[PDB]
file entry-v9.pdb (PDB, C-alpha atoms (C1' of nucleotides))
ATOM      1  CA  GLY A   1       0.000   0.000   0.000  1.00  0.00           C
ATOM      2  CA  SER A   2       1.646   3.268  -1.102  1.00  0.00           C
ATOM      3  CA  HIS A   3      -0.964   5.679   0.313  1.00  0.00           C
ATOM      4  CA  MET A   4      -0.223   8.452   2.841  1.00  0.00           C
ATOM      5  CA  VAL A   5      -2.393  10.897   4.832  1.00  0.00           C
ATOM      6  CA  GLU A   6      -2.099  14.093   6.914  1.00  0.00           C
ATOM      7  CA  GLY A   7      -2.303  14.957  10.631  1.00  0.00           C
ATOM      8  CA  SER A   8       1.250  13.763  11.373  1.00  0.00           C
ATOM      9  CA  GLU A   9       2.204  10.138  10.599  1.00  0.00           C
ATOM     10  CA  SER A  10      -0.665   7.837  11.510  1.00  0.00           C
ATOM     11  CA  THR A  11      -3.741   6.437   9.730  1.00  0.00           C
ATOM     12  CA  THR A  12      -6.119   7.113  12.646  1.00  0.00           C
ATOM     13  CA  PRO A  13      -6.386   8.917  15.980  1.00  0.00           C
ATOM     14  CA  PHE A  14      -6.336   5.706  18.060  1.00  0.00           C
ATOM     15  CA  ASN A  15      -3.169   3.616  17.669  1.00  0.00           C
ATOM     16  CA  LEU A  16      -1.227   1.201  19.859  1.00  0.00           C
ATOM     17  CA  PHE A  17       1.811  -1.102  20.078  1.00  0.00           C
ATOM     18  CA  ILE A  18       1.782  -4.886  20.575  1.00  0.00           C
ATOM     19  CA  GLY A  19       4.393  -7.560  21.388  1.00  0.00           C
ATOM     20  CA  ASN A  20       4.793 -11.328  20.880  1.00  0.00           C
ATOM     21  CA  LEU A  21       3.444 -11.594  17.311  1.00  0.00           C
ATOM     22  CA  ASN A  22       4.673 -14.804  15.596  1.00  0.00           C
ATOM     23  CA  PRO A  23       8.133 -15.391  14.119  1.00  0.00           C
ATOM     24  CA  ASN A  24       6.837 -18.624  12.508  1.00  0.00           C
ATOM     25  CA  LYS A  25       3.907 -17.080  10.605  1.00  0.00           C
ATOM     26  CA  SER A  26       3.108 -14.192   8.228  1.00  0.00           C
ATOM     27  CA  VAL A  27       2.736 -10.455   8.877  1.00  0.00           C
ATOM     28  CA  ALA A  28      -0.790 -10.235   7.440  1.00  0.00           C
ATOM     29  CA  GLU A  29      -1.548 -13.377   9.475  1.00  0.00           C
ATOM     30  CA  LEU A  30      -0.664 -11.512  12.690  1.00  0.00           C
ATOM     31  CA  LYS A  31      -2.806  -8.508  11.763  1.00  0.00           C
ATOM     32  CA  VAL A  32      -5.655 -10.737  10.524  1.00  0.00           C
ATOM     33  CA  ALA A  33      -5.734 -12.677  13.804  1.00  0.00           C
ATOM     34  CA  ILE A  34      -6.105  -9.379  15.633  1.00  0.00           C
ATOM     35  CA  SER A  35      -8.505  -8.137  12.919  1.00  0.00           C
ATOM     36  CA  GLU A  36     -10.674 -11.255  13.282  1.00  0.00           C
ATOM     37  CA  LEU A  37     -10.643 -11.125  17.072  1.00  0.00           C
ATOM     38  CA  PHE A  38     -11.726  -7.489  16.873  1.00  0.00           C
ATOM     39  CA  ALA A  39     -14.521  -8.453  14.454  1.00  0.00           C
ATOM     40  CA  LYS A  40     -15.851 -10.826  17.131  1.00  0.00           C
ATOM     41  CA  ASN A  41     -15.000  -8.449  19.990  1.00  0.00           C
ATOM     42  CA  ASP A  42     -17.039  -5.681  18.243  1.00  0.00           C
ATOM     43  CA  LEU A  43     -14.078  -3.421  17.607  1.00  0.00           C
ATOM     44  CA  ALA A  44     -13.061  -1.749  14.320  1.00  0.00           C
ATOM     45  CA  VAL A  45      -9.348  -2.140  13.642  1.00  0.00           C
ATOM     46  CA  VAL A  46      -8.441   0.579  11.164  1.00  0.00           C
ATOM     47  CA  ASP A  47      -4.889  -0.718  10.607  1.00  0.00           C
ATOM     48  CA  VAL A  48      -2.180  -3.028  12.003  1.00  0.00           C
ATOM     49  CA  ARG A  49       1.589  -3.487  11.480  1.00  0.00           C
ATOM     50  CA  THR A  50       4.300  -5.823  12.831  1.00  0.00           C
ATOM     51  CA  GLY A  51       7.215  -5.737  15.222  1.00  0.00           C
ATOM     52  CA  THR A  52       9.807  -6.625  12.583  1.00  0.00           C
ATOM     53  CA  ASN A  53      10.032 -10.368  12.316  1.00  0.00           C
ATOM     54  CA  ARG A  54       6.642 -10.896  13.913  1.00  0.00           C
ATOM     55  CA  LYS A  55       8.369 -10.289  17.306  1.00  0.00           C
ATOM     56  CA  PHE A  56       6.074  -7.411  18.255  1.00  0.00           C
ATOM     57  CA  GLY A  57       3.775  -5.184  16.184  1.00  0.00           C
ATOM     58  CA  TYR A  58       1.279  -2.336  15.999  1.00  0.00           C
ATOM     59  CA  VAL A  59      -2.414  -1.618  15.581  1.00  0.00           C
ATOM     60  CA  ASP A  60      -4.811   1.219  14.921  1.00  0.00           C
ATOM     61  CA  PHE A  61      -8.428   1.825  15.978  1.00  0.00           C
ATOM     62  CA  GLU A  62     -11.144   4.269  14.870  1.00  0.00           C
ATOM     63  CA  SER A  63     -12.326   5.596  18.251  1.00  0.00           C
ATOM     64  CA  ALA A  64     -11.746   5.983  21.970  1.00  0.00           C
ATOM     65  CA  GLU A  65     -14.144   3.071  22.409  1.00  0.00           C
ATOM     66  CA  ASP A  66     -11.926   0.874  20.215  1.00  0.00           C
ATOM     67  CA  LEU A  67      -8.837   2.094  22.040  1.00  0.00           C
ATOM     68  CA  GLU A  68     -10.368   1.246  25.445  1.00  0.00           C
ATOM     69  CA  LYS A  69     -11.442  -2.179  24.186  1.00  0.00           C
ATOM     70  CA  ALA A  70      -8.112  -2.353  22.419  1.00  0.00           C
ATOM     71  CA  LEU A  71      -6.541  -2.060  25.893  1.00  0.00           C
ATOM     72  CA  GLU A  72      -8.534  -5.005  27.178  1.00  0.00           C
ATOM     73  CA  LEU A  73      -7.636  -6.660  23.839  1.00  0.00           C
ATOM     74  CA  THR A  74      -4.158  -7.493  25.234  1.00  0.00           C
ATOM     75  CA  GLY A  75      -5.421 -11.073  25.590  1.00  0.00           C
ATOM     76  CA  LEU A  76      -4.971 -11.676  21.831  1.00  0.00           C
ATOM     77  CA  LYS A  77      -3.386 -14.983  20.897  1.00  0.00           C
ATOM     78  CA  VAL A  78      -1.846 -14.116  17.585  1.00  0.00           C
ATOM     79  CA  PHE A  79      -2.025 -17.403  15.627  1.00  0.00           C
ATOM     80  CA  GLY A  80      -1.259 -19.017  19.020  1.00  0.00           C
ATOM     81  CA  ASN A  81       0.853 -16.167  20.461  1.00  0.00           C
ATOM     82  CA  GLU A  82      -0.783 -14.099  23.216  1.00  0.00           C
ATOM     83  CA  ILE A  83       0.366 -10.689  22.001  1.00  0.00           C
ATOM     84  CA  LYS A  84       1.139  -7.996  24.559  1.00  0.00           C
ATOM     85  CA  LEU A  85      -0.122  -4.418  24.290  1.00  0.00           C
ATOM     86  CA  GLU A  86       0.413  -0.877  25.538  1.00  0.00           C
ATOM     87  CA  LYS A  87       0.992   2.731  24.409  1.00  0.00           C
ATOM     88  CA  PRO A  88       3.225   2.952  21.338  1.00  0.00           C
ATOM     89  CA  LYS A  89       6.805   4.216  21.792  1.00  0.00           C
ATOM     90  CA  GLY A  90       7.335   5.576  18.246  1.00  0.00           C
ATOM     91  CA  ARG A  91      10.486   7.710  18.710  1.00  0.00           C
ATOM     92  CA  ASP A  92      13.755   6.283  17.333  1.00  0.00           C
ATOM     93  CA  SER A  93      13.738   3.764  14.469  1.00  0.00           C
ATOM     94  CA  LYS A  94      14.310   0.915  17.005  1.00  0.00           C
ATOM     95  CA  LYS A  95      17.965   0.636  15.919  1.00  0.00           C
ATOM     96  CA  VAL A  96      18.337   4.440  16.241  1.00  0.00           C
ATOM     97  CA  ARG A  97      18.112   4.622  20.040  1.00  0.00           C
ATOM     98  CA  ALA A  98      21.190   2.350  20.097  1.00  0.00           C
ATOM     99  CA  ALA A  99      23.295   5.412  19.181  1.00  0.00           C
ATOM    100  CA  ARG A 100      22.432   7.109  22.473  1.00  0.00           C
ATOM    101  CA  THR A 101      22.448   3.749  24.289  1.00  0.00           C
ATOM    102  CA  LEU A 102      24.967   1.322  25.815  1.00  0.00           C
ATOM    103  CA  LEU A 103      24.430  -2.159  27.302  1.00  0.00           C
ATOM    104  CA  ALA A 104      26.306  -3.560  30.324  1.00  0.00           C
ATOM    105  CA  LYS A 105      28.100  -6.923  30.014  1.00  0.00           C
ATOM    106  CA  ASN A 106      29.585  -9.546  32.366  1.00  0.00           C
ATOM    107  CA  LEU A 107      26.553  -9.198  34.676  1.00  0.00           C
ATOM    108  CA  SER A 108      25.108 -12.055  36.761  1.00  0.00           C
ATOM    109  CA  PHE A 109      21.850 -13.901  37.512  1.00  0.00           C
ATOM    110  CA  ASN A 110      21.106 -11.772  40.599  1.00  0.00           C
ATOM    111  CA  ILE A 111      21.887  -8.290  39.232  1.00  0.00           C
ATOM    112  CA  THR A 112      18.899  -6.508  37.642  1.00  0.00           C
ATOM    113  CA  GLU A 113      17.617  -3.242  36.112  1.00  0.00           C
ATOM    114  CA  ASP A 114      17.214  -1.891  39.654  1.00  0.00           C
ATOM    115  CA  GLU A 115      20.923  -2.445  40.337  1.00  0.00           C
ATOM    116  CA  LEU A 116      21.709  -0.918  36.953  1.00  0.00           C
ATOM    117  CA  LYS A 117      19.268   1.848  37.812  1.00  0.00           C
ATOM    118  CA  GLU A 118      21.240   2.397  41.011  1.00  0.00           C
ATOM    119  CA  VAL A 119      24.582   2.480  39.181  1.00  0.00           C
ATOM    120  CA  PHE A 120      23.285   4.263  36.082  1.00  0.00           C
ATOM    121  CA  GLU A 121      21.307   7.066  37.785  1.00  0.00           C
ATOM    122  CA  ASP A 122      21.839   9.105  34.582  1.00  0.00           C
ATOM    123  CA  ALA A 123      20.558   6.413  32.175  1.00  0.00           C
ATOM    124  CA  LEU A 124      16.832   6.851  31.462  1.00  0.00           C
ATOM    125  CA  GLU A 125      16.034   3.363  30.101  1.00  0.00           C
ATOM    126  CA  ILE A 126      17.602  -0.094  30.550  1.00  0.00           C
ATOM    127  CA  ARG A 127      16.933  -3.553  29.072  1.00  0.00           C
ATOM    128  CA  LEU A 128      18.422  -6.724  30.630  1.00  0.00           C
ATOM    129  CA  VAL A 129      19.853  -9.051  27.957  1.00  0.00           C
ATOM    130  CA  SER A 130      19.320 -12.771  28.623  1.00  0.00           C
ATOM    131  CA  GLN A 131      19.051 -15.836  26.341  1.00  0.00           C
ATOM    132  CA  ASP A 132      15.469 -15.315  25.075  1.00  0.00           C
ATOM    133  CA  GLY A 133      14.385 -17.055  28.306  1.00  0.00           C
ATOM    134  CA  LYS A 134      17.309 -17.445  30.744  1.00  0.00           C
ATOM    135  CA  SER A 135      19.565 -14.826  32.373  1.00  0.00           C
ATOM    136  CA  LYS A 136      22.608 -14.289  30.122  1.00  0.00           C
ATOM    137  CA  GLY A 137      24.627 -11.498  31.747  1.00  0.00           C
ATOM    138  CA  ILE A 138      24.058  -8.332  29.647  1.00  0.00           C
ATOM    139  CA  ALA A 139      21.865  -5.264  30.265  1.00  0.00           C
ATOM    140  CA  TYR A 140      21.038  -2.506  27.754  1.00  0.00           C
ATOM    141  CA  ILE A 141      21.079   1.070  29.053  1.00  0.00           C
ATOM    142  CA  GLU A 142      19.981   4.193  27.146  1.00  0.00           C
ATOM    143  CA  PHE A 143      21.019   7.691  28.299  1.00  0.00           C
ATOM    144  CA  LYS A 144      19.911  11.262  27.546  1.00  0.00           C
ATOM    145  CA  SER A 145      22.377  11.294  24.628  1.00  0.00           C
ATOM    146  CA  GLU A 146      25.561   9.775  23.247  1.00  0.00           C
ATOM    147  CA  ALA A 147      27.901  11.933  25.327  1.00  0.00           C
ATOM    148  CA  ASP A 148      25.662  11.077  28.297  1.00  0.00           C
ATOM    149  CA  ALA A 149      25.627   7.298  27.754  1.00  0.00           C
ATOM    150  CA  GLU A 150      29.332   7.584  26.860  1.00  0.00           C
ATOM    151  CA  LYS A 151      30.331   9.677  29.902  1.00  0.00           C
ATOM    152  CA  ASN A 152      28.448   7.301  32.218  1.00  0.00           C
ATOM    153  CA  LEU A 153      29.538   4.148  30.361  1.00  0.00           C
ATOM    154  CA  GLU A 154      33.174   5.187  30.813  1.00  0.00           C
ATOM    155  CA  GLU A 155      32.487   6.805  34.197  1.00  0.00           C
ATOM    156  CA  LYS A 156      31.509   3.368  35.558  1.00  0.00           C
ATOM    157  CA  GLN A 157      32.620   0.619  33.142  1.00  0.00           C
ATOM    158  CA  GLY A 158      33.127  -2.233  35.652  1.00  0.00           C
ATOM    159  CA  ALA A 159      30.960  -1.299  38.677  1.00  0.00           C
ATOM    160  CA  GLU A 160      32.225  -3.820  41.273  1.00  0.00           C
ATOM    161  CA  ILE A 161      29.007  -5.670  42.207  1.00  0.00           C
ATOM    162  CA  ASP A 162      27.854  -9.266  42.747  1.00  0.00           C
ATOM    163  CA  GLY A 163      31.553  -9.979  43.356  1.00  0.00           C
ATOM    164  CA  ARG A 164      32.068  -9.201  39.646  1.00  0.00           C
ATOM    165  CA  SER A 165      32.722  -6.209  37.356  1.00  0.00           C
ATOM    166  CA  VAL A 166      30.092  -5.255  34.750  1.00  0.00           C
ATOM    167  CA  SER A 167      31.438  -4.022  31.391  1.00  0.00           C
ATOM    168  CA  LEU A 168      29.536  -1.539  29.216  1.00  0.00           C
ATOM    169  CA  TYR A 169      29.031  -2.183  25.490  1.00  0.00           C
ATOM    170  CA  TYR A 170      27.773   0.910  23.658  1.00  0.00           C
ATOM    171  CA  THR A 171      25.362   0.486  20.732  1.00  0.00           C
ATOM    172  CA  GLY A 172      26.541   1.935  17.395  1.00  0.00           C
ATOM    173  CA  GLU A 173      28.211   0.843  14.132  1.00  0.00           C
ATOM    174  CA  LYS A 174      31.843   1.410  15.184  1.00  0.00           C
ATOM    175  CA  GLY A 175      31.444   0.506  18.879  1.00  0.00           C
TER     176      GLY A 175
ATOM    177  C1'   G B   1       9.816  -9.427 -14.740  1.00  0.00           C
ATOM    178  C1'   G B   2       8.279 -11.713 -10.427  1.00  0.00           C
ATOM    179  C1'   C B   3       9.411 -13.239  -5.664  1.00  0.00           C
ATOM    180  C1'   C B   4      11.705 -14.108  -0.685  1.00  0.00           C
ATOM    181  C1'   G B   5      12.395 -12.400   3.039  1.00  0.00           C
ATOM    182  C1'   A B   6      16.607 -12.165   7.187  1.00  0.00           C
ATOM    183  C1'   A B   7      19.254  -9.433  10.800  1.00  0.00           C
ATOM    184  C1'   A B   8      20.406  -5.515  14.112  1.00  0.00           C
ATOM    185  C1'   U B   9      23.129  -9.233  22.174  1.00  0.00           C
ATOM    186  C1'   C B  10      18.845  -6.753  24.921  1.00  0.00           C
ATOM    187  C1'   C B  11      14.680  -3.649  23.253  1.00  0.00           C
ATOM    188  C1'   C B  12       8.618  -2.642  21.033  1.00  0.00           C
ATOM    189  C1'   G B  13       7.146   0.640  13.513  1.00  0.00           C
ATOM    190  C1'   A B  14      13.754  -2.222  13.005  1.00  0.00           C
ATOM    191  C1'   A B  15      10.299  -3.622   8.378  1.00  0.00           C
ATOM    192  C1'   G B  16       7.011  -6.126   5.847  1.00  0.00           C
ATOM    193  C1'   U B  17      13.010  -2.561   5.971  1.00  0.00           C
ATOM    194  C1'   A B  18      18.290  -4.881   4.283  1.00  0.00           C
ATOM    195  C1'   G B  19      19.889  -8.416   1.490  1.00  0.00           C
ATOM    196  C1'   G B  20      19.185 -11.910  -1.234  1.00  0.00           C
ATOM    197  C1'   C B  21      16.720 -15.569  -4.795  1.00  0.00           C
ATOM    198  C1'   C B  22      14.979 -17.057  -9.629  1.00  0.00           C
TER     199        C B  22
END
call {"tool": "encode", "arguments": {"input": "entry-v9.pdb", "output": "structure tokens"}}
result
Amino acid sequence: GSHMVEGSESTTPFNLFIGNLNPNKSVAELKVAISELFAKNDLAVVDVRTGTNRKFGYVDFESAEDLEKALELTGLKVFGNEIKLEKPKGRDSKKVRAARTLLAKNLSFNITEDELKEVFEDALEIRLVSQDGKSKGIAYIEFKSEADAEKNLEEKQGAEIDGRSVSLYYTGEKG
RNA sequence: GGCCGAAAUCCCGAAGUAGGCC
């Protein structure tokens, strides 16, 4: 579909983000499962997208009544994958935030975002990196900017905790 | 002239994008 509209960058006033789509299915299949469930729910999905690779995804409604039901619609099993839902975070092109972000490495099974939040008081967001279902030892951390994530990343780099030092791996192309 | 379709260590328009495949 090569059609665009005005207002800003959306097809409707009520939109939303979803997670857990289906990496073993199709994109239209993910949106159709949510479009069919809304047809039975009594909604009116105006549009739906995906979370690149069917990992997460998006949706769009035509009213505040579809957005409120769309909230309760977080119990959607996309082709057998209970998708998650919540306000959209459209800001950086997913791989764009990495520039102003840095992830910690060499962490442990006990450490956590809280501990990173205690060491990275300047970082605004953090994302623990495990093995898709099992603590791995890394933790992403985004700051107010590159110089911010860089000044803190270098300012700590190591943080003696859990009887172990946590390294910090930025997120760019040159690293 | 069709199609095919992965990644980006976590993470929520990456993308239905890149690269690739006939």
call {"tool": "resolve_selection", "arguments": {"input": "entry-v9.pdb", "expression": "the PyMOL selection byres ((chain A and resi 22) around 12)", "output": "NGL selection string"}}
result
:A and (18-21 or 23-31 or 33 or 50-57 or 76-84)
call {"tool": "interface_residues", "arguments": {"input": "entry-v9.pdb", "of": "chain A", "to": "chain B", "cutoff": "10 Å", "atoms": "all atoms listed in the file", "output": "VMD selection string"}}
result
chain A and resid 17 to 20 26 to 28 49 to 58 84 to 98 103 to 105 125 to 132 136 to 141 169
call {"tool": "atom_distance", "arguments": {"input": "entry-v9.pdb", "atom1": "atom CA of residue A:74", "atom2": "atom CA of residue A:12"}}
result
19.4 Å
call {"tool": "atom_distance", "arguments": {"input": "entry-v9.pdb", "atom1": "atom CA of residue A:1", "atom2": "atom CA of residue A:47"}}
result
11.7 Å
call {"tool": "atom_distance", "arguments": {"input": "entry-v9.pdb", "atom1": "atom CA of residue A:45", "atom2": "atom CA of residue A:67"}}
result
9.4 Å
call {"tool": "residues_around", "arguments": {"input": "entry-v9.pdb", "residues": "residue A:152", "least_positions_apart": "5", "cutoff": "8 Å", "atoms": "all atoms listed in the file", "output": "short mmCIF file (atom, residue, chain, number, x, y, z; two decimals) with C-alpha atoms, keeping the file's coordinate frame"}}
result
data_model
loop_
_atom_site.label_atom_id
_atom_site.label_comp_id
_atom_site.auth_asym_id
_atom_site.auth_seq_id
_atom_site.Cartn_x
_atom_site.Cartn_y
_atom_site.Cartn_z
CA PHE A 120 23.28 4.26 36.08
CA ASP A 122 21.84 9.10 34.58
CA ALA A 123 20.56 6.41 32.17
CA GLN A 157 32.62 0.62 33.14
#
call {"tool": "closest_residue", "arguments": {"input": "entry-v9.pdb", "among": "A:16, A:166, A:37, A:46", "to": "residue A:111", "atoms": "only C-alpha atoms"}}
result
A:166
call {"tool": "axis_aligned_box", "arguments": {"input": "entry-v9.pdb", "around": "stretch 4-9 of chain A", "padding_each_side": "6 Å", "output": "AutoDock Vina command-line options"}}
result
--center_x -0.1 --center_y 11.7 --center_z 7.1 --size_x 16.6 --size_y 18.5 --size_z 20.5
call {"tool": "closest_residue", "arguments": {"input": "entry-v9.pdb", "among": "A:121, A:167, A:72, A:101", "to": "residue A:146", "atoms": "only C-alpha atoms"}}
result
A:101
call {"tool": "closest_residue", "arguments": {"input": "entry-v9.pdb", "among": "A:5, A:73, A:159, A:48", "to": "residue A:106", "atoms": "all atoms listed in the file"}}
result
A:159
call {"tool": "residues_around", "arguments": {"input": "entry-v9.pdb", "residues": "residue A:150", "least_positions_apart": "6", "cutoff": "9 Å", "atoms": "all atoms listed in the file", "output": "VMD selection string"}}
result
chain A and resid 100 to 102 143 170
call {"tool": "decode", "arguments": {"input": "entry-v9.pdb", "residues": "stretch 120-153 of chain A", "atoms": "N, CA and C atoms", "output": "short mmCIF file (atom, residue, chain, number, x, y, z; two decimals), in the first residue's frame"}}
result
data_model
loop_
_atom_site.label_atom_id
_atom_site.label_comp_id
_atom_site.auth_asym_id
_atom_site.auth_seq_id
_atom_site.Cartn_x
_atom_site.Cartn_y
_atom_site.Cartn_z
N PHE A 120 23.46 3.33 37.21
CA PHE A 120 23.28 4.26 36.08
C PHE A 120 22.18 5.28 36.40
N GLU A 121 22.36 6.06 37.43
CA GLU A 121 21.31 7.07 37.78
C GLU A 121 21.09 8.06 36.63
N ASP A 122 22.01 8.15 35.71
CA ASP A 122 21.84 9.11 34.58
C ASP A 122 21.11 8.42 33.42
N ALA A 123 21.25 7.13 33.29
CA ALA A 123 20.56 6.41 32.18
C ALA A 123 19.04 6.47 32.37
N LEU A 124 18.31 6.77 31.33
CA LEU A 124 16.83 6.85 31.46
C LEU A 124 16.18 5.48 31.26
N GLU A 125 16.66 4.70 30.33
CA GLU A 125 16.03 3.36 30.10
C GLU A 125 17.08 2.24 30.14
N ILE A 126 16.66 1.06 30.49
CA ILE A 126 17.60 -0.09 30.55
C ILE A 126 16.88 -1.37 30.12
N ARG A 127 17.59 -2.28 29.51
CA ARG A 127 16.93 -3.55 29.07
C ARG A 127 17.87 -4.74 29.33
N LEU A 128 17.56 -5.55 30.30
CA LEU A 128 18.42 -6.72 30.63
C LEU A 128 18.51 -7.67 29.44
N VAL A 129 19.69 -8.12 29.12
CA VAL A 129 19.85 -9.05 27.96
C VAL A 129 20.12 -10.47 28.45
N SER A 130 19.18 -11.35 28.21
CA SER A 130 19.32 -12.77 28.62
C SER A 130 19.34 -13.67 27.38
N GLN A 131 19.04 -14.93 27.53
CA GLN A 131 19.05 -15.84 26.34
C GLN A 131 17.62 -16.12 25.86
N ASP A 132 16.87 -15.10 25.56
CA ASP A 132 15.47 -15.32 25.08
C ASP A 132 14.68 -16.19 26.06
N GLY A 133 15.10 -16.23 27.30
CA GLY A 133 14.38 -17.05 28.31
C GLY A 133 15.41 -17.70 29.24
N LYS A 134 16.27 -16.91 29.83
CA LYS A 134 17.31 -17.44 30.74
C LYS A 134 18.38 -16.38 30.94
N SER A 135 18.54 -15.88 32.14
CA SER A 135 19.57 -14.83 32.37
C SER A 135 20.83 -15.11 31.56
N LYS A 136 21.37 -14.10 30.94
CA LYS A 136 22.61 -14.29 30.12
C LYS A 136 23.77 -13.49 30.71
N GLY A 137 23.52 -12.29 31.15
CA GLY A 137 24.63 -11.50 31.75
C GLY A 137 24.74 -10.10 31.12
N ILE A 138 23.88 -9.70 30.20
CA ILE A 138 24.06 -8.33 29.65
C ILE A 138 22.87 -7.46 30.06
N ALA A 139 22.99 -6.17 29.90
CA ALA A 139 21.87 -5.26 30.27
C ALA A 139 21.94 -3.98 29.44
N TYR A 140 20.98 -3.74 28.58
CA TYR A 140 21.04 -2.51 27.75
C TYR A 140 20.74 -1.28 28.60
N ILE A 141 21.32 -0.16 28.26
CA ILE A 141 21.08 1.07 29.05
C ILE A 141 21.12 2.30 28.15
N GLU A 142 20.02 2.98 28.01
CA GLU A 142 19.98 4.19 27.15
C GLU A 142 20.14 5.45 28.00
N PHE A 143 20.84 6.44 27.50
CA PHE A 143 21.02 7.69 28.30
C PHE A 143 20.35 8.88 27.62
N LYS A 144 20.53 10.05 28.15
CA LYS A 144 19.91 11.26 27.55
C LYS A 144 20.53 11.55 26.18
N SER A 145 21.72 11.06 25.94
CA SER A 145 22.38 11.29 24.63
C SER A 145 23.56 10.36 24.46
N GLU A 146 24.36 10.62 23.47
CA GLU A 146 25.56 9.78 23.25
C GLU A 146 26.62 10.19 24.26
N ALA A 147 26.90 11.46 24.34
CA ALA A 147 27.90 11.93 25.33
C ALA A 147 27.44 11.55 26.73
N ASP A 148 26.16 11.47 26.95
CA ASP A 148 25.66 11.08 28.30
C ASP A 148 25.92 9.58 28.49
N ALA A 149 25.39 8.77 27.62
CA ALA A 149 25.63 7.30 27.75
C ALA A 149 27.13 7.01 27.68
N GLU A 150 27.87 7.82 26.96
CA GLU A 150 29.33 7.58 26.86
C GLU A 150 30.04 8.04 28.14
N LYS A 151 29.68 9.18 28.65
CA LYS A 151 30.33 9.68 29.90
C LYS A 151 30.02 8.73 31.05
N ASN A 152 28.81 8.25 31.12
CA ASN A 152 28.45 7.30 32.22
C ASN A 152 29.08 5.94 31.93
N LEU A 153 28.94 5.47 30.72
CA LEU A 153 29.54 4.15 30.36
C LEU A 153 31.01 4.12 30.77
#
